[PDB]
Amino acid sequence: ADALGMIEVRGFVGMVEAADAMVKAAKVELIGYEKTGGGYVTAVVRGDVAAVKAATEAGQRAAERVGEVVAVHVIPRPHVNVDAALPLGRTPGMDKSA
C-alpha cells in the first residue's frame, strides 16, 4: 500500500492550506478529510514514501502560518487492517489488478 500522510488542524482553513500545499509539493493524492468535531479536521494524502514525506513537510510549514496545527505524521507502510477499518482512501481490494 502507498504511504500515508496526515495533517491535523483545529481549523478548516489551515487544513485546506495543508492539503493544497501537500498535493502541490509531491506526487500524492488528497483522498479526503476526516471530521472529528470540536473544530478538529485532518487532511489525508497518499503516495510513495518519498512523495508523502516531501508533501507532509511542506504541508506542515505552510499550515502553521495560517492555522492551529494539532498533529503531523507519516506512516510509510500502513497495515492492511488500518486501511480496511479506517477511512484513509485505500480500501484493500479496491484495485483493477487485484
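Numbers for residues come from their place in the sequence shown, where the first is 1.
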Do the CA atoms of 26-34 or those of 61-69 have the higher mean B-factor in the entry?
-> 61-69
Of the three thirds of Cα B-factor ranks in this chain, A55 occupies the middle
By the record's CA B-factor, is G89 among the lowest, middle or highest third of residues in the chain?
-> highest
Classify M6 as lowest, middle or highest third according to the C-alpha B-factor given in the PDB entry, relative to its own chain.
-> lowest
